[PDB]
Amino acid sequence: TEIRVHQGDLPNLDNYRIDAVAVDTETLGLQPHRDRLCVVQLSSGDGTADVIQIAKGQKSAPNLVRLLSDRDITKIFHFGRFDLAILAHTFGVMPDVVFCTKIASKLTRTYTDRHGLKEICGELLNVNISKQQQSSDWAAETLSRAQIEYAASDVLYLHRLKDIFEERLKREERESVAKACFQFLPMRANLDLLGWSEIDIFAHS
């Protein structure tokens, strides 16, 4: 599978004149106010990926952010709640047309309690995802080949996953439920940035 590695930004959007784009990020951790965005990965669904190294203190990624703000393009994530938070924190733009495979799994894979990307890829696609590079130094000046291949593999399958989940959402008649969850997801990420990351805002207590 072809992986294109970039510094800072995509050089252009030639490969992203499409209706939906798979998005993932790597960071120094789970706390966007502390842990910087280090890598953004994209795939058009054609078996190739773009891996974009983000510099310390980088405030701009023009072509990437054009995709993120384009209401005609659905941004596909796995657990987008996190990626939306770090992307909006880093570049100041909250994507608002999204699809999340973790939310979709929670709404359709009711026969299991494991909604991780690895389990979903294994079941739906007979694809083995390795999480070994997940805990590595994503801020390294030069990413290792293992790191680059891991980062790319997290976006290579989200299109195929979205297609299968859309089928299940239609079959079980939960399309409008999923859509409302995806519509609120960017606000759920904003709530995390604002200080409510540990609070289920809809809970009784």
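One rule holds for the numbers: they count along the sequence shown, beginning at 1. Whichever C-alpha set is largest while still superposing within 1.5 Å between the two forms counts as the rigid core.
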Higher Cα RMS in 4 other deposited structures of this protein relative to the shown form (core alignment), 196 to 204 or 1 to 9, goes to 1 to 9
Taking the deposited Cα B-factors and averaging over 139 to 147 and over 59 to 67, the higher mean is found in 139 to 147
Per the entry, where is the mean C-alpha temperature factor higher: 108 to 116 or 124 to 132?
124 to 132
Would you mind checking which of 181, 23, 18, 193 has the top Cα temperature factor in the PDB entry?
18
Chain-relative C-alpha B factor for residue 37 (record values, thirds): the lowest
Based on the entry's values, in what third of the chain does the Cα temperature factor of residue 189 lie: lowest, middle or highest?
lowest
Using the temperature factors of the C-alpha atoms in this entry, rank residue 201 within its chain: lowest, middle or highest third.
lowest
For residue 152, does the deposited CA B-factor place it in the lowest, middle or highest third of the chain?
highest
